[PDB]
Each structure stands twice: as structure tokens, then as C-alpha cells.
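Protein chains in written order, with the deposited numbering: chain AC, 70 to 156; chain BL, 53 to 151; chain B8, 31 to 82; chain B4, 2 to 129; chain BK, 2 to 175; chain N4, 1 to 459; chain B9, 44 to 221; chain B5, 52 to 120.
No residue lacks a Cβ here, since even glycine has one placed at the ideal position from N, Cα and C.
For reference, the structure is listed below as C-alpha cells.
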Ligand SMILES: CCCCCCCCCCCCCCCCCC(=O)OC[C@H](COP(=O)([O-])OCC[N+](C)(C)C)OC(=O)CCCCCCCCCCCCCCCCC
Ligand SMILES: CCCCCCCCCCCCCCCCC[C@@H](O)O[C@H](CO[C@H](O)CCCCCCCCCCCCCCC)COP(=O)(O)OCC[N+](C)(C)C
Ligand SMILES: CCCCCCCC/C=C\CCCCCCCC(=O)O[C@H](COC(=O)CCCCCCC/C=C/CCCCCCCC)COP(=O)(O)OCCN
Ligand SMILES: *P(=O)(O)OCC(C)(C)[C@H](O)C(=O)NCCC(=O)NCCSC(=O)CCCCCCCCCCCCC
């Protein structure tokens, strides 16, 4: 019924959420932008980003895996792997 | 070790050597005919023929006979004003009480 | 492949028996604790926390 | 400040409210590491067997075998007729029998006495 | 069909009020009844006519078996196995006939209650009294004789009841 | 009855002279033919039994049991085909010979007209069952199971032999017709109490009765599939048939001696259902369910009312069929995974749909779903017990609730859930197994359609 | 679920999990988005106020008090995502998940109904059977003499190898198998 | 895109179902046809009083033609 997800759509949506975040400069934001190394965030900000992704995609990321997603590309890979997206 | 014992053999799968196996025998023809005789005899003969035989068994329990006799007795009793069911099974004249 | 020494046995009395029982059940010796010897037939089976 | 949560048998204490979860000694860390090591060893053995391509059957579980053996075939050899076991067995095996015997005997005696006195409504009772 | 005895199975005369419509609207029940008669009743009537014509081609009869009367357990001597057997068989046949009589009376009662409908508590009180009498007599005869009931046990029960009645009558008029 | 007896004694030489690869086919075909022949015994009279000769007679209680035995033999043959693939020809022929001898002894036991011949055959059934269990069982406990079974039965039945010979000396004959027509009341004295105890205790140990029942789980768990099928379906009904036959001469003392056994049977229903609630073995669950149903039959026989005997007979037949089907399903699951633990294999509805359907139907029949003959018998027994007293309704209600609970519990545990990941030898169900389940289940529904054939002689 | 657990949770992990739980329960209480944003900002203000604390004993005491406050003030019926454990759609499709070992029990006619799929399946089976020895050798080379200390598996060091114990992870059933 | 649906082998269960249906209908259909033909062309016996000085048989005491046979 619902249209299937794709890698490009997942990347677009996660970058959309990150660009809507007010503590991230959209011009310096890319899929390889580390949240703490080159974006200057901290643990609480990373937790809030993970929660925003959970709200965006309508599913919960366990805390054991959420503490390791430090890149938009990593978030995309996790979502695609969980949703069984291969294209 | 304590004995010169054979190792436990692996269980054989009937579907490996015969994908059309019915599970009766490892020989294909014997398996097929075992299945055929079991199905034919059991299902067809026993089920269908025994079921219709039991359904059309004669009324040796005399249920319909008892119903007809009851109808006749009820008609005779209520036609003559007699009670439908008697007070006693036996005759007090023939019964002699001890006294 | 299970041997005769891998089955539950009597209540462990000496500390060596307790260590052997803990090793049998793949538990730490400190974490191992059997049921009290009230004659209820539990044996040396560990008394794990009553959670679900 | 806030009302305290009181744990019970069926309402066990949560892990975040356990006082021992905040008083950690260096020995506790060693115990946790040992537990993790045991779990990892068991997991490695199971995963090797599970991912073996030539395996065809059921991976026998010694823990399951021990549980089934202890619950069924290991009870009597480890039974001693202590006073507790004697009293519990006598109670739970005899008391219900005499209780039901007394109840049914009283009920049937009352019914029989009523029948003998001829004050029990037995009309339309032709199926017993 | 009416292949049963009206006296054995009584039925009060059927009074159906005549249709007296007070409106100009057509009757859907009447139209559907006409449709049902045209589509179902006529074909099933034709099929039954054909089947009954085929049955009348070869007509054969079956009979109701008549059983002779034999001396009963009261006349049977003690330890006389043949007479006891005959009396027991006769008693069992009588028991089955009495059971079917009770069934007939119960069927009468059920039919009368359903027929009367909303005024059953008064209209079908004649069947209730007949059922009460039949049930009382049946209970007094074949009361709790057990699963191993026999003509001898029924005779013993009757003798006990007769003795009790005689003692009550004596203590009343004595 | 010779027209049924002789074909079994011809099954024996046919089995021993048939070819090595035709033994199963010949045995199954001719067992089915013998069952069809034995179907003619259902044409019973309404007043007296069918007296073929001075030795054998058939009644409305004997006929359904004979039909059940003759129908159960080929199913046991199919199960034996299942689990005896690698056996030698001589040992397979010996197994078939044991089954045939057991069936012949059961037929003669059900059709015997005298109590002493009935006892002789009813004790003769012990030898083939003991041999089958202790020879073709799979685990170590088969020897202990055989010892328990044999000694429970014999300790029960020897005082029965003493009582029978005493009764013959006192009265003149042990012929059932004579002891029924010439029956006299039993006085309330110690000697009569002990004679009653001898007979009843023999049949209750055979039944079994709660407290005298450990041999039943021991033997049924450790027996092979055919042994379990014959132990649960027919051999348990020897006690009920004997009690329904022997109670003719025990009145009115039965009205006074029935209290301990009634209380034992009802509390045993409750206790065995509760045990079924927490069993880690499937065969043990089925065995304890059998114990509960037989306790209900005991209650019916002891209260001894015309509405209780019909329920007793119907429940015996229904329980025999249902227990045989349950044991067959459990044996299929065991042969797939080589373990009797219930929680070992799950997701069997995902892996095997048709077997899930068979499990659903068997569990529905076990919990007495209307209008099945299981429910018919249970409801008749409950109504008779209610007439007896008005707290038996409470006991029966709680027993029925727990029965439904454990039946659906075993169904959900075995069939529903997530399949075990490391069990990758679940092959598709065989046509033989599917046909076995169908042949178990269809007669139950046909008897539901026509229930007057299994309601005993008091119908 | 994809990550091997550690022996224990550090203080940072404990406080982060408490923060996420508190935010989720606050969202459950504050249904509307603006109200939730206001109170989530207040909650993060509290966390940032307590963020800088050199005294670990005091930090642990604050964490314990915060956990007690959360347990007292938690939502009795918190929002749960449908597919998450405890959700209304949790484990809904577990009955539709069938494995490839079931898939290889098919009849030849059924297999012939899908000719192209089973060629690739045979290729996958050969690939699995040609790597097991290398996988077990790599696993036994890298383990300490005592045994594994964690549930983390090594990757494939060589170019022609595959990460050990990969078959079931790769061939697990799809989240919507039917 | 169409994805392969992994299912357990239903061929054997379907084959068993078709075999059971065939073997039940192998003789069930002739039995039903025979019963219908007997009921249509050979109706049930009609109850009649026993003729004077006549001794019938048991099948003459039964009604349905199949039961009499
Ligand atoms: C299954 C194995 C069976 C083995 C033994 C088979 C023995 C067959 C013996 C020959 C058949 C005799 C039938 C009765 C002949 C008519 C006269 C009579 O006595 O009628 C009595 C009674 C009543 O007869 P009546 O004497 O009242 O008069 C009727 C009117 N006339 C005189 C014209 C006959 O019944 C009938 O007449 C109806 C008979 C119906 C027969 C069909 C229904 C049963 C079907 C059974 C199928 C099973 C296989 C059968 C194979 C053989 C078929 C023929
Ligand atoms: C489709 C879904 C099925 C499952 C759900 C069930 C839903 C209801 C389905 C109902 C289907 C049947 C309805 C139509 C029934 C027609 C047949 C029926 O009317 O006849 C029955 C008869 O059926 C048979 O008697 C059943 C036979 C049962 C015995 C079979 C034994 C086979 C051998 C197996 C041995 C097993 C041993 C077990 C211990 C004995 C009832 O007897 P009766 O109506 O009056 O006979 C009429 C003939 N008269 C008039 C001359 C008397
Ligand atoms: C006044 C209102 C009563 C309401 C009843 C409520 C239920 C309470 C009754 C049952 C509770 C259990 C009591 C019986 C069980 C024995 C208790 C026990 O096990 O004690 C033993 C030691 O044995 C004793 O202490 C015995 C004391 C109690 C004896 C009671 C009198 C004995 C009764 C004799 C009759 C026995 C047969 C009864 C049935 C006969 C047929 C009716 C050791 O206990 P531990 O668990 O190790 O330590 C725990 C400390 N809290
Ligand atoms: P990030 O990696 O940048 O690092 C941040 C952390 C917090 C890990 C710090 O590095 C750190 O450890 N700092 C010192 C330790 C510390 O801050 N301890 C105290 C923090 S917990 C605390 O203060 C929580 C109190 C307020 C929240 C209480 C929750 C109760 C509300 C429940 C409501 C539920 C329903 C509404």
C-alpha cells in the first residue's frame, strides 16, 4: 500500500531534518558531517537528533544502537538496513 | 572409551531419495501401493460403506415399534376414559402381601 | 553427547561441590546459590531470581 | 519529596530504583566482566554450531536437558521426609478429601432426610 | 401430509382472520407470496407428483409386529430362569412403551404452549394436568431403580409402596 | 463371534508367511477388512443382548469397544511403519504378532460371557503390552515402566480372582446372564465389604484411580507409539467395562462404599488437570488428561444411574479416539526433533499448516467442544452427578475450565509463536501421517452425527 | 539489537537513557507540539544546569534522585511506536517469516516454477560452503586463550574472505516477508 | 518490482487433500446416486395390517428398502 522507501529518499529526509535543526549550519552540513568532531554538538544534542529521526520515520532506534550514529550517512545506513532497503 | 560401539547414525530422509514419497516405504512402488491400498480400503470402503450400513441398519431397537404401541395405547386409554399411565406395573390381585 | 556428570545431583555441601555445581550450570561460584535443603527435591539446581 | 515505590513478589523493583545500582565497587565491575565473558563464550559456541553449514538437526541444549531432568527425574532422590514436607503432604493430600467427604455427606443426608419426611419437591423428576 | 391420528395428536381448530385492508398501498407480503408460489411451490409440487407417481408403480407393505402376552414375574416361581427371562423381556417392552407415552404427552404440552403463545398460562392448562398425572404415575412406577433395573426390583418397589399405603390406611382408619 | 475371532488367528500366519516388503500392506489391508466385518455388531437389540453361543455374547456396551479395537489396529500398524524402518524382518513380524495377539485378546475379553474367562483374557492382555513396552521402547525408563505397569495390574487383580472363585462357589455360576437374573442384595457386613473392595479395587487399579495412577504416566511416556495408542484407547477401558459389568452383584453395598472413590476421582480430576497445566513433556500432558477423563468415567460408574452409564460409554469411546489422535500427533513431532520437550519446537503452524489444523481439531475435541461425543458423555455425567448432589456441578465446572486451559496451552505452545531458529530438519508432513490423523478424526464426527450407537445398553 | 552489549552502562549512558526516557514520557504527557517543545526545553535546561559537575558522588546522587522523580512522574500509559516492543503492531509479521532451509524442502515441480531464483540460491549456497573453513580459522586465530570476552565478531581481513558468521544475518527474513 | 515469497512446501499437503477427496468421492458418489435412485423409484413400504393367517418376515416388518435388504 504505502510506497517503498529508497536510499535517496531516506538521505533527503534525514538531511531535511538536520537542516531544520537550528544548531546546525545548513551550508556546512553534509552526509559525512560528524555531529561532534566537525559540527560541534554534544551528547544531549545527538540524543535529540536521534529522537527527531525516530519521530520522522515512525519507528524507535534502541539506545544501544542510537549512541553510535554520529553521521547522517550512518543514520541513513541504519534506517535502510532496518527497513530492508537495498536501492 | 568403554566399548567398541558404532556411532549413532544420521536419520535418513525419505524425500532425498524419492521426492514423491508418501512416507510408507523407501521403495517407490511399494510406497505407492501401500498408500493406494490404505486410502482405498480405509477411506472408501470402511468410511463410506460402514457409514451407510450403520445409517440404514434395521430398527432392531424397536423405537418405532414402541412409538406405534404407545400411540395405540394412548388412543385406547383416552377413548375409554382410562388413565394414560397405570398406577402399578403389576396386579395387586396377583401380589400377596405378607400378613 | 551429554555425559553422566552433566546432570543435576544432590545438594552441594562442601565448597568444592558448590564450585563443581557452579561450573556445571555455567555460573559464577559467587552467583551460584541452590535452594535450601528442605527435602523438597530441588537438589543442586540454582535458585535464579524470580523474574520473567 | 515523592512517595516511594514498594516492591512486591509480583511487582518487583525496577533496575533504576535499585540502591545497589548506584553503589558500585571495583569487585562488582570484575563480576560483571566475568558474567559477560561467560555469556560471550556460550554465544560463540552456539553461533559456531548455528552457522555450521554441514549441521542438519537440532542443537542439543544442555541447559534445557538439565532443566527437564531436574524437574521430573531428580525430585525423589533428593527428597527427605522432613516435618515440613510431611505436614504439607498430609494437608494438601488428605484435607481436601475429608472436606469434600463431609460436604457431600451432609448434603446427601439432608436430601435423604427430606425425601424420607416427604417434603422435597420431586415432581417432574423422571430422569436421574 | 396428515398420516397420523388426530385423537392421539390433538390440535384445536385454526381460526384465521380475513384480510381487511384499510389503506391503498399494495401488500409486499402478498406480492412476495405470489412470487414464492410461482417460483418454488409449483416446481416442488411437480417434482413430488412425479416421485409419488413413481412410488405407486411398485407398492409394497410393511407390518407392525404384534407381541403375545406372557406370564409375568409375579407368577414366575423363584429360580425359574425361563419364566423370569420371559417376564423380564415383557417388562422391558412395557417400560419402553411407557417411555414413549410420556414422550407423546410432552410433545402435546410443548405444541400447546407454542400454539397458545402469549396466553399459555391459562389456555394450555389441560395438557399440564395430563402431563402431571402421567409424570407422577411414571415416576411412581419406574422411580430410582438404578442402572441395573429389573422386573424383580420394580416388583419389590411396588410391594414396598403397597405395604406403606396399607400401613397408612390402617393407622388412619384405626 | 468366531467370524471375527478366526480372521485374527489368520492374520498371524499371513503375517509370518508374507514377503519381507509386503508385511505392512497385508496387515493393514486385512485389519481394515476385519474392522469392516466387525461393524456388523452394531445392530444390537433393545431388550436382551446377542447370545451367539455359550461362550461369547455381544451387548450394546461390548459392540462399540470391539469396533474401536478393530479400527485401532491398522492405525497402530501405520505408526509402527513410521517408527520401525530399520528393524529386521523377523523383529518387525514379531511386533506385528504382538499387536495381533493383543487385539485378539481384547476382542475375546470384550465378548466373554463369564467372569472367570473375562479375568483370564483381561490378564492375558498384560504379556503383549509388557513385551512391546520393554522391548521397543526408546529410553532407559522402559524397564521401570513395565515393572510398575505389570505389578500395579497384578496387585489389583489377584484379589479379584479370589473373589470370583469364592462367588462361583457360593452362588453356582459366574455366567453374566445368570448372575444378573439371580442377583441378590449384598448385606452390609465386613465380608461383603472386603469382597466389594477386591472387585472394585482391581478394576480401579486398571482404570486407573487417582492415587493408583503413576504407572500410567510411566508406561505411556516410555512406550512406543503403538503401545501408547493401545494403552490409552482400549486397555484403559477394561476397567470401565468390568465395573459396568461387575456392579450388578455389588448392590446395595455400592451405595455405601462409593464415597471414598467418588471423592478420590473428583479431586483427582482437579489435581491431574492442574498437573497438566505445568507439564514440560507433551506425552505426560496427554497421559494426565487421560487420567482425568477416566476419573470422570469412574464418577459416572460409581453414581450408577441410567443417565450416567450412557455418558460413561460415550466418554470412553470419545476419549479413546481423542487420546489416540493426540499421541499420534505428539509422536510425529517427536520423530521430527527426537525430543519430547514441549517448548523445544515452536512455530509448527508456520512450518506445517495441515498438522496445525490437525492439532486444532484434536485439541478442540479434547476440551469437549459441542456437539462432539466427548461433550455428550461429559454433559450426561455432569447431569447425573448434579442429580446425585449439587456441589459436583462446582467440581465439574472447575475441571472443565482447567481442561480447556491446558488443551489450548499445549496447542499455543506447540503450534503458535516464533519457530526455533536452529531446528532445520522439519520436513513436510507425510501422506501417511495426514491419513492417520484423518482416519482418527473422521469417525469422531460421524459418531457425533449418529450418537445412539455408543450410548450403551441403557439407551 | 545489532550491537553487542557491554559489561556495564557508564554514567554518561545512564544519564542519556534517562534523558531520552524523560523526554518521551513528557511528550506522552504534553500531547500538543508547542507545549511539548516548551517543556522539553525546560527539561534540557535542567540537564544542562546539572551538566557541569566534577563530583562524581554528587552526580550519582543527582541521577538517583532524578530516577526516583521519573518513576513517580512517569506516564501510566506512555506512547509506544507500533513496531516497538509493547506496541500494537509488535511481532505482527513473525508468523509470515519462513527460512531458506524450509525453502529447500520444495518439490521439483515447485522449484521448476521458479527457475531463475534457484540458480542464484545455489550460487549463494556454494559461496557459503566455500568460506566456512576460513571463517572458523579466522575466529579461532583471533580469540584469546581463555575465550571470547565480548559478543563482537571480527570483520574480514583478506580481500577474498567474508566476515565470519554472516549467513543468518545476511539471509534473515525481510521485515515484511509477505 | 515483484519479490519472491518464501513459503513451506504445500505440494505434499495439497496432494494429500486431493487424494483424500478423490478416494472419498470414488465410492461416495455411487453410493449417493444409488440412494437417490432407490428413494425415487422404490419408495418406502406403506404400513398395513397383517393379513389373516399370514406370517411375514423381519424384513417385511421393516420399512425402508435398504433396511429390509
Ligand atoms: C455387500 C455384499 C452382499 C452379498 C449378498 C448379496 C445378495 C443379493 C441377493 C439378490 C438381491 C435380492 C433383492 C430383493 C429382490 C426383490 C424381492 C424382495 O425380496 O423384495 C423385498 C422387499 C419388499 O419386497 P416385497 O416382497 O414386499 O414386494 C415388492 C414388490 N415386488 C414383488 C415387485 C418385488 O424390498 C424390495 O422389494 C426392494 C428391494 C430394493 C433393493 C435395492 C436396495 C438395496 C441396495 C443394496 C446395494 C448393495 C449391493 C447389492 C447387489 C445386488 C443387487 C441386486
Ligand atoms: C462441512 C464442514 C464439516 C465440519 C463441520 C460440521 C458442520 C455440519 C456438517 C453436517 C454434514 C452432514 C449433514 C447431513 C447428514 C446426512 C446423513 C445423516 O442424516 O445420517 C446420519 C447417519 O450417519 C451415519 O449413521 C454415521 C455413521 C457413524 C459410524 C461410522 C463408522 C465407520 C467405521 C469407523 C470405526 C470407528 C470406531 C469408533 C467406535 C464405533 C444420521 O442418521 P439418520 O438420519 O437417522 O439415517 C437416516 C436413514 N434412516 C432414515 C433409514 C434411518
Ligand atoms: C486460625 C486461622 C487459620 C487460617 C489458616 C491459614 C493457612 C495456614 C495453615 C497452613 C499454613 C502451613 C501450616 C502447615 C505447614 C507446616 C509449616 C512448616 O513448614 O514449619 C516447619 C516446621 O514445622 C512446624 O513448625 C510445625 C508448626 C505447625 C504445626 C501445625 C499443627 C500440626 C497439625 C497436625 C495435623 C497434620 C495433618 C493435617 C491434615 C489431616 C487431615 C485433615 C518449618 O517451617 P520453615 O518453612 O522451615 O520456616 C518458616 C518460618 N516462618
Ligand atoms: P554529553 O556526552 O555531552 O555529556 C553530558 C553528560 C550528562 C553525560 C555529562 O558529561 C556528565 O556526566 N555530567 C556530570 C554528571 C551529571 O550531570 N549528573 C547529573 C545529571 S542527571 C540530572 O541532573 C537529571 C535531573 C533532571 C531530570 C530529572 C528527570 C525527572 C523528570 C521525569 C519526568 C517524566 C514524566 C514527565
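**Item:** Simplified DSSP state of residue 57 (chain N4), which is helix, strand or coil
**Value:** strand
**Request:** Starting from the Cα of residue 89 (chain BK), find the closest Cα among 5 (chain BK), 6 (chain BK), 149 (chain BK), 15 (chain BK) and give me that residue.
**Result:** Nearest option by C-alpha distance: 149 (chain BK).
**Request:** Report yes or no: do three or more beta-carbon pairs, one from the segment 33 to 49 of chain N4 and one from the segment 110 to 121 of chain BL, lie closer than 8 Å?
**Result:** The answer is yes - the segment 110 to 121 of chain BL touches the segment 33 to 49 of chain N4, with three or more Cβ pairs under 8 Å.
**Message:** Strictly under 7 Å for the Cβ-Cβ distance: is residue 117 (chain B5) near chain BL by that measure?
**Reply:** yes
**Prompt:** Which residue from 164 (chain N4), 122 (chain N4), 194 (chain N4), 206 (chain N4) puts its Cα closest to that of residue 148 (chain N4)?
**Reply:** 206 (chain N4)
**Nearest-angstrom Cα separation, counted from residue 153 (chain AC) out to residue 73 (chain AC)** = 10 Å
**Message:** Taking the alpha carbon of residue 146 (chain BK) as the reference point, which residue from 135 (chain BK), 76 (chain BK), 136 (chain BK), 158 (chain BK) has its own alpha carbon closest?
**Reply:** 158 (chain BK)
**Message:** I want to verify the contact list: residues of chain BK whose CB lies under 9 Å from the CB of residue 91 (chain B5), in sequence order.
**Reply:** By Cβ distance, chain BK contributes 51, 52, 55, 56.
**Message:** If you reduce the DSSP assignment to three classes, tell me which class residue 61 (chain BK) lands in.
**Reply:** coil
**Request:** Would you verify that the beta carbon of residue 14 (chain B5) is, or is not, closer than 7 Å to some beta carbon of chain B9?
**Result:** Outside the displayed span of chain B5 (52 to 120) sits residue 14 (chain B5), for which this structure offers no information.
**Message:** Distance cutoff 7 Å, beta carbons only. Does residue 208 (chain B9) sit that close to anything in chain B4?
**Reply:** yes
**Message:** So if I measure from each beta-carbon to every heavy atom of ligand 3 and keep distances below 6 Å, which residues remain?
**Reply:** Every residue whose Cβ sits closer than 6 Å to any heavy atom of ligand 3 is listed here in chain order: 84 (chain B4), 85 (chain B4), 88 (chain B4), 89 (chain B4), 91 (chain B4), 92 (chain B4), 95 (chain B4), 96 (chain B4), 99 (chain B4).
**Request:** Mind checking the segment 41 to 52 of chain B8 against chain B4 and listing, in chain order, the residues whose C-beta falls within less than 9 Å of any C-beta there?
**Result:** 41
**Asked** Which residues in chain AC sit within 8 Å of residue 127 (chain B9), going by Cβ to Cβ distance?
**Response** 128, 129
**Request:** Give the residues of chain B4 in contact with residue 145 (chain BK), contact being defined as C-beta atoms less than 9 Å apart.
**Result:** 129
**Prompt:** Going along the chain, which residues of the segment 59 to 77 of chain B8 sit with their C-beta nearer than 7 Å to a C-beta in chain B4?
**Reply:** 60, 68, 69, 70, 71, 72, 73, 75
**Prompt:** residue 112 (chain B5) and residue 66 (chain BK): beta carbons closer than 7 Å?
**Reply:** Result yes, Cβ atoms of residue 112 (chain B5) and residue 66 (chain BK) sit closer than 7 Å.
**Item:** Contact test: residue 116 (chain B9) Cβ vs ligand 4 heavy atom, cutoff 6 Å
**Value:** Correct: residue 116 (chain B9) has its Cβ closer than 6 Å to ligand 4.
**Asked** Roughly how many whole angstroms lie between the Cα atoms of residue 107 (chain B4) and residue 93 (chain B4)?
**Response** In this structure, the alpha-carbon of residue 107 (chain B4) lies about 22 Å from that of residue 93 (chain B4).
**Asked** Sorry if obvious, but does the Cβ on residue 32 (chain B8) come closer than 6 Å to a heavy atom of ligand 2?
**Response** no
**Message:** Taking the beta carbon of residue 276 (chain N4) as the centre, do at least 16 other beta carbons fall within 10 Å, making it buried, or is it exposed?
**Reply:** Burial call: buried.
**the segment 430 to 458 of chain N4: positions lying closer than 7 Å to chain BL by Cβ** = 430, 431, 432, 433, 435, 439, 442, 446, 450, 453
**Asked** What does residue 105 (chain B4) touch in chain BK if you count any residue whose Cβ is under 9 Å from its own?
**Response** Result: empty, since nearest Cβ-Cβ is about 18 Å, beyond 9 Å.
**Any chain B8 beta carbon closer than 7 Å to residue 85 (chain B4)** = Using beta-carbon distances, residue 85 (chain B4) counts as an interface residue toward chain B8, with a partner under 7 Å.
**Asked** Do residue 127 (chain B4) and residue 120 (chain BK) have their C-beta atoms within less than 7 Å of each other?
**Response** No, the Cβ-Cβ distance between residue 127 (chain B4) and residue 120 (chain BK) is not below 7 Å.
**Prompt:** Got a list of residues with beta-carbon closer than 5 Å to any non-hydrogen atom of ligand 6, in chain order?
**Reply:** This structure lacks ligand 6; its bound ligands are ligand 1, ligand 2, ligand 3 and ligand 4.
**Prompt:** How big is the Cα-Cα spacing for residue 362 (chain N4) and residue 24 (chain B4)?
**Reply:** 56 Å
**Item:** Nearest neighbour of residue 314 (chain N4), chosen from 265 (chain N4), 451 (chain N4), 438 (chain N4), 357 (chain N4) [CA to CA]
**Value:** Distance check between residue 314 (chain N4) and each of 265 (chain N4), 451 (chain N4), 438 (chain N4), 357 (chain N4) places 451 (chain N4) closest, using alpha-carbon atoms only.
**Asked** Hey, is residue 117 (chain BL) close to ligand 2, as in C-beta under 6 Å from one of its heavy atoms?
**Response** no
**Asked** Given a limit of 8 Å on CB to CB distance, which residues of the segment 339 to 356 of chain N4 reach chain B5?
**Response** 350, 351, 352, 353, 354
**Asked** Is the beta carbon of residue 115 (chain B5) within less than 6 Å of some heavy atom of ligand 2?
**Response** True, at least one ligand heavy atom lies under 6 Å from that Cβ.
**Message:** Quick check: what's the CA-CA separation for residue 302 (chain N4) versus residue 175 (chain BK)?
**Reply:** Approximately 44 Å, taken between the alpha carbons.
**Request:** Verify the contact flag: residue 61 (chain BK), CB atom, against every heavy atom of ligand 1, threshold strictly below 6 Å.
**Result:** yes
**Item:** Neighbour list for residue 108 (chain BL) in chain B5, Cβ cutoff strictly below 7 Å
**Value:** Within 7 Å of the CB of residue 108 (chain BL), the CB atoms of chain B5 belong to 115, 117, 118, in sequence order along the chain.
**Message:** Less than 7 Å between C-beta atoms, sequence neighbours within five positions excluded: which residues of the same chain meet that for residue 123 (chain AC)?
**Reply:** 129, 130
**Request:** Leaving out five residues on either side along the sequence, give the residues of the same chain with a beta carbon under 7 Å from the beta carbon of residue 96 (chain BK).
**Result:** 143
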